[PDB]
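Participant: So I pulled this structure from the PDB, and the sequence comes with it:
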Amino acid sequence: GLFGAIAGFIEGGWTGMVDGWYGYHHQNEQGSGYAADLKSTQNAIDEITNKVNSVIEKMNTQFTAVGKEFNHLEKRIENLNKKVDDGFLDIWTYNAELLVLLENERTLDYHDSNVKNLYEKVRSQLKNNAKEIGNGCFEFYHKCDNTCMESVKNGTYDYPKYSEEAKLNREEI
Amino acid sequence: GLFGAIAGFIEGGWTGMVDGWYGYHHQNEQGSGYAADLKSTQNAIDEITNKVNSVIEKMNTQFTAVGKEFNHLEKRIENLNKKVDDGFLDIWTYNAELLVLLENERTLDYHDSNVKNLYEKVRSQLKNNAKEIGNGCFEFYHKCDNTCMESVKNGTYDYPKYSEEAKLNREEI
Amino acid sequence: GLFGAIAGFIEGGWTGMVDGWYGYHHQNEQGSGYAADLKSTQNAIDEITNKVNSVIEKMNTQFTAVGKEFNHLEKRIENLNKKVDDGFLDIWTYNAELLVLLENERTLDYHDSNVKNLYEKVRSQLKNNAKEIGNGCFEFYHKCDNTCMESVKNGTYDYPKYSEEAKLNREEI
Amino acid sequence: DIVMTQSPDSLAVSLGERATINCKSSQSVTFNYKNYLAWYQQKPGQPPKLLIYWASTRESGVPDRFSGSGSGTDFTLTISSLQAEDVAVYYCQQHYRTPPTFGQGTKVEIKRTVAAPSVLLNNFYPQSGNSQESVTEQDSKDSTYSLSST
Amino acid sequence: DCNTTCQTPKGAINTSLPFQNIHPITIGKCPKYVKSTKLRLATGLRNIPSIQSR
Amino acid sequence: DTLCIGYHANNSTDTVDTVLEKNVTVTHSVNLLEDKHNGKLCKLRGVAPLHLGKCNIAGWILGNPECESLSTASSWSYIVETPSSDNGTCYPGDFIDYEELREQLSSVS
Amino acid sequence: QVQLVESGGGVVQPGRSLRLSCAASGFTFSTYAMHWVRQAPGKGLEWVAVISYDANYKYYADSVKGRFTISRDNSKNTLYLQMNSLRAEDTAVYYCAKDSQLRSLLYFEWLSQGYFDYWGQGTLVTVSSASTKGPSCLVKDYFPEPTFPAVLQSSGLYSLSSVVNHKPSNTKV
Amino acid sequence: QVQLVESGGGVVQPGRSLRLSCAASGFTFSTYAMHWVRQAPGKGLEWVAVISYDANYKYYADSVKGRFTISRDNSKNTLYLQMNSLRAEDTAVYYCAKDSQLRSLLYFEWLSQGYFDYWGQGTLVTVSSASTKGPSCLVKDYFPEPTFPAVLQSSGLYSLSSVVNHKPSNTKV
Amino acid sequence: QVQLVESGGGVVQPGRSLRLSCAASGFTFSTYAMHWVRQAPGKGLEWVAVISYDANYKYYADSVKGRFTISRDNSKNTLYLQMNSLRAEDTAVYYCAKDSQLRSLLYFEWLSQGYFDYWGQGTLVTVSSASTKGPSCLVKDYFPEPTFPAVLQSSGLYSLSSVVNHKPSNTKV
Ligand SMILES: *[C@@H]1O[C@H](CO)[C@@H](O[C@@H]2O[C@H](CO)[C@@H](O)[C@H](O)[C@H]2NC(C)=O)[C@H](O)[C@H]1NC(C)=O
Ligand SMILES: *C1O[C@H](CO)[C@@H](O)[C@H](O)[C@H]1NC(C)=O
């Protein structure tokens, strides 16, 4: 079906990229392939493990023994006790819910924010050498063997090098 | 007056664009006009309607009958009951406030985040064909009738086509 | 050590830029120098001062006198009173913690979001005139005295002007 | 204004046969995996009851014979264990945009074998501007029509 | 013969999680009682193997 | 010649609710909510509860003929009585401050 | 459970006015959009108007824009249609209906509605300059409705067969 | 309500030192920035120093940088100015003043202050090598102040008309 | 405090199977990853397998992939290793160990582990076709172990010096 254009440029996921969360894919004169950015993947796993633990471990816990007995003649108290309980129920239920809700919100943005940072890092290297074409795919104006490629992903991309060649293909038919 | 440069590139709003939240405007050889991105507008409305409902419906509600009578001789209890109430007041007031505060925060970023996604989608299509000039306005290096225009907004923009022409205007006086 | 590539493009801070939070640095034919974006710095200070005050002042405060005496024979009550207290402790502790946690989260993104907005504003001015090279540094394809420079930071940068010159250096050795 | 056209206008099925009612639409009424499209069932003389919503979802308490299909621009209600307490007009309705529009409807005649009328023309199946005709609906047993024509 | 940290009239529960909907009456060092039915906390990405029939 | 940046998908069908969207399917998650219990009355601390079976606390403590065989431990951490524990004060009358006594024999070492 | 009753239907001379009511039972009226639907005698179903839950959004079919005013009173749990300057084209049976969507934000004329979950038994409105005459075994020349389905002749009265007791004009044949 | 009292003013030989106090009443002292302002006899108003609420930020007028030390004690609700090596140019009346802004973060020397909502009755400080002599009907050659506004002659003493009882040097004419 | 006991070690014919247990005490077992480590007699330390706290992630050393199945039971606070089709290369002493990291998310085969904070006293597993014969002052031709460190001869039995009482085969010299 149709979809707002405000929806993340990279439309689909990759059952293909099994090794990690974020990562790349290449089509060059040597074959296809996927690749997981381990260092970023570990990073995010470290952070999320922390949010999970925070949400869990930050919660205090006194030894409590809820529960009280009264008789047919201490009903006012019993109702005071009732509301202290219902009172706490309505509180925790509400915070337990909005907490997971809002934290689930932020966590799926983290991830979004995270790939968009990867795609940024790349479009910043491959200045003119490449065409940005959508769903976060760059096409090359120049051959790009498994050096060039393990290189763009190494953060170590040579721009002058392949620039000369690419200069001419931003011309031809 | 003056203003931090960290403030959203698109400075003003459009009383002009009445049909929706986010949208476009065009000046070409045929007239002016505004246009609302309905699909994105519906999307955001769907999401926000949900946040509104979440904040509201997630709140539990036992049948309670706050209120207790005591006599001149059960004043300790009456004060216990007093603090259970004041206790709950101070809690809800605080969460009712920070909730709306922080949720209002995030909601106006959502919207910001949302147009910036629209402007991204566009600057990614009109690669060289256009000059990015501020307040989120692109100028064309080539004629752009109501086809070209309903097209950039259709996500379906032809880059090779108008490229040849534009190539020369990134040259002339 | 190593680090995920999802980590902010601008790696380090500047003990050098003492005047404010966000800002610039220049190397040109006249000397080095740092410069603080005061208007943005004041802006953010205004906002953060507000979050700080919100978190503090939004908190209600009834005159309360916690504390109750009972005797060897009103122990059920004393335990009701005990749990009302422990109850409130576990609540505030949890919210006091997740509040600072999540608010600390958002505040360091604000700042991140804020410089990235500065770097955006700039890469949008210096279109072709400059090379984007990482850690948020642009190099010039043309001389850039203290006019040109106080100018890119004034939001008032002349693109046609220095463009002609730069056109040729995106050519030479 | 999106336009919900549907084929065919009437349809005949012998108490037990299938029953597939098509439903095209001016344009796609599918947004974020959801299919903004319901079917409503109006028994001659009654308010319409909701039947299937979100393209394919039995409501309230609706008999299993009923089955909804489709995406984007073309849909299809499907009756199956065609009982006869279920002869009525079928409306597809889009609600992806306001104004929400409807189909013109499909009437549902329990196909039997031809049975010439009785002269008033009692029970069949299936002078210029002086006359005017007044047929009927099929009785809950006959499967034929007591028409009229002044 | 088992040990617990949190007893309830219905049975024992674990305490390695913050919330719990087994029972309001509790003895021990217990999870907070909530009237919620799920409290799934996303850790990973949005699963989008297909953009089909969207 | 192409390079794409993308992300993970898997066969997981765990959903999760965002403040903006209900039932969002994720590759990963963690329930925060103990929804399941073990149906036994376990040793609270290292120490067991004190079970009374047929007699309620009143019977047990006074010495109701029926509550006789009750292996009273040198200690316990909570008291379990049945909904059937009706065997209390056999001879009629009022047990005074009976509930203060219960919430005071409730745990002893 | 859910119950919706319409009223105030009947026969009016063209150009004149009418006000339909619809009492609701069995659900929280003050949190749903509400619609009016009509069905010309023998023709299809025409959506006519929607009023948002808070009542600050009213939207109408092109064909009643200007002349119909939809409204509500959550206090009484009823919905109104106030028709003005009625044409005969307006003759129809009027169904009061419920939107499926809780708290839909109808910020815009075109956004989507839920579906129509519950309907009214419907009340018919006949617009006609004909006067409410008698039933005048054959039964001819009455008005309005109420054995075959009649056939509104040109005169402006209804007629049929049957092989008599009129409600409007009290009679008995 | 609000009350601010200054003290410790008087006459000192140039090069020497002075410590002004200012007790505050009527508001929460420990949450506001505080300023010292001065006014040369007959001249304008000179801002002199600001100390932030927590007291880890002190900022001074160029013209007292080095020699004045502003400070506070929230425990006693008082504000101090400790002037050192006083010039005559320092002779002035010293107004203790309150910043309007709650909890202002004075992270930077230049950021903005609130306004000056409440002022002290002010205490005058005379720097002069002249000695505190008698009043010596005309009244000439006294020091310091205290009928016309006197005119500090060159000798270093004050004089005027009136058509006598000196406070400093006890006298009576 | 912390305590870890391993069991179920011993002598098995190659190709056959073995199941090691490890009871844990002194910490919250159900919130830590757990490892099995081994040490060939006289050789180094070989990491062998890790099972995540929830138990939905099990990872193995290349050299046991396929044949070993790690598992747990939080109910009993014990950890198991179930070895299958054992080679002699598998003969070793098996250490049960604790991951330092609370609730580590082992979403991926390669991500990092904590360190190994607490170890088991270790249990030895001898794989050998030799049969459990007697001790047969010199002590030669027994099996298995148990004065010098013996030297597994080629026959498949152990021998040494000392300047007798075998546990397996009950004897007394
Ligand atoms: C989220 O998904 C679940 C389905 O797994 C929906 O909850 C159940 O839906 C089915 C079909 O109506 C019912 O049989 C269950 O009884 C529902 N659970 C209950 C009792 O609420 C749920 O409706 C979905 N949410 C949305 C808005 O799509
Ligand atoms: C819990 O029970 C086990 C098994 O009976 C026992 O070994 C252990 O000592 C008990 N734990 C505590 C907390 O004493």
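Facilitator: Yes, it's here. Numbering: from 1, shown residues only, chains lettered A, B, ... in the order given. Ligands and ions are numbered 1, 2, ... in the order given.
Participant: Give the closest residue to the residue of chain F found nearest chain B in space, chain neighbours not counted.
Facilitator: Of all residues in chain F, the one sitting closest to chain B is residue F:20 (4.1 Å; Cβ to the nearest Cβ). Heads up, the C-betas are built off the backbone N, CA and C, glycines and all. Excluding its sequence neighbours, the residue lying closest to residue F:20 (Cβ to Cβ, 6 or more residues apart in numbering or on different chains) is residue B:47, at 4.1 Å.
Participant: Verify the contact between that neighbour and residue D:32 for me.
Facilitator: No - with contact defined as Cβ atoms under 8 Å, residue B:47 does not reach residue D:32; the gap is 10.1 Å.
Participant: These two: which is more packed in?
Facilitator: residue B:47 (19 against 16; other Cβ atoms under 10 Å in any protein chain shown).
Participant: my read is the more buried one is in a strand, agree?
Facilitator: No - the assignment for residue B:47 (DSSP: H, G, I helix; E, B strand; the rest coil) gives helix, which keeps it out of a strand.
Participant: Next up, identify which helix or strand the residue of chain F closest to chain B is on.
Facilitator: Secondary structure assignment for residue F:20, by DSSP states H and E: no helix or strand.
Participant: where does residue E:43 fall, phi/psi-wise?
Facilitator: phi -110, psi -40 (degrees, to the nearest 10).
Participant: For chain D, see how far away it is.
Facilitator: Between residue E:43 and chain D the computed distance is 23 Å (Cβ to the nearest Cβ, to the nearest Å).
Participant: so who does that residue touch?
Facilitator: Applying Cβ atoms under 8 Å, 6 or more residues apart in numbering or on different chains to residue E:43 gives the contacts A:48, A:52, A:107, F:26, F:28-30, I:105.
Participant: cutoff 6 Å now
Facilitator: A:48, F:28-30 (Cβ atoms under 6 Å, 6 or more residues apart in numbering or on different chains).
Participant: Nearest residue to it in space, please, no chain neighbours.
Facilitator: For residue E:43, ignoring the flanking residues on the chain, the nearest one in space by Cβ to Cβ, 6+ apart is residue F:28 at 4.3 Å.
Participant: surely that neighbour meets residue E:42?
Facilitator: No - taking contact to mean Cβ atoms under 6 Å, the distance of 7.3 Å between residue F:28 and residue E:42 leaves them out of contact.
Participant: who has more neighbours, those two?
Facilitator: Set residue F:28 next to residue E:42 and count neighbours by other Cβ under 10 Å: residue E:42 wins out with 28 against 21.
Participant: State the distance from that one to residue G:84.
Facilitator: Counting by Cβ to Cβ, to the nearest Å, the gap from residue E:42 to residue G:84 is 53 Å.
Participant: The nearest residue to residue A:7 once chain neighbours are set aside is in what secondary structure piece?
Facilitator: Nearest non-adjacent residue to residue A:7, counting by Cβ to Cβ, 6+ apart: residue B:43, 6.9 Å away. For residue B:43, the host element (DSSP H and E) is helix B:38-57.
Participant: Not counting its neighbours along the chain, what's nearest the one residue sitting closest to the centre of chain E?
Facilitator: Closest to where the C-alpha atoms of chain E average out (Cα atoms, centre = their mean) is residue E:20, at 4.9 Å. Excluding the flanking residues, the one nearest residue E:20 by Cβ to Cβ, 6+ apart is residue E:31, at 3.6 Å.
Participant: need the contact list for the one you found.
Facilitator: E:17-20, F:34.
Participant: rerun at 8 Å
Facilitator: Per Cβ under 8 Å, 6+ apart, neighbours of residue E:31: E:6, E:13-15, E:17-20, F:34.
Participant: how far out from the middle of the chain is stretch D:134-145?
Facilitator: How far stretch D:134-145 lies from its chain's middle: 16 Å, per Cα atoms, centre = their mean, to the nearest Å.
Participant: Now that stretch - C-alpha only, CSV.
Facilitator: Below are the C-alpha coordinates for stretch D:134-145, written out as CSV (Å, rounded to 0.1, in the frame of the first residue of the first chain):
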residue,chain,number,x,y,z
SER,D,134,-45.0,-2.5,-9.5
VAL,D,135,-43.1,-5.8,-9.0
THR,D,136,-42.0,-7.2,-5.6
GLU,D,137,-39.3,-9.0,-3.7
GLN,D,138,-39.0,-12.8,-3.5
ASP,D,139,-41.2,-14.3,-0.8
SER,D,140,-39.4,-16.2,2.0
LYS,D,141,-40.3,-19.5,0.3
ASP,D,142,-41.5,-19.0,-3.4
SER,D,143,-38.4,-17.6,-5.1
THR,D,144,-40.6,-15.9,-7.6
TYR,D,145,-42.3,-12.5,-8.2
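Participant: Run through who's touching it.
Facilitator: Contacts of stretch D:134-145 (Cβ under 8 Å, 6+ apart): D:44, D:84, D:87, D:109-110, D:112, D:115, D:117, D:121, D:123-125, D:146-150, G:148-151, G:160-161.
Participant: do stretch F:40-55 as well
Facilitator: Residues outside stretch F:40-55 that contact it (Cβ under 8 Å, 6+ apart) are E:1-4, E:7, E:11-12, E:27-28, F:59-60, F:64, F:66-67, F:70, F:72-73, F:75-82, F:84-85, F:87-88.
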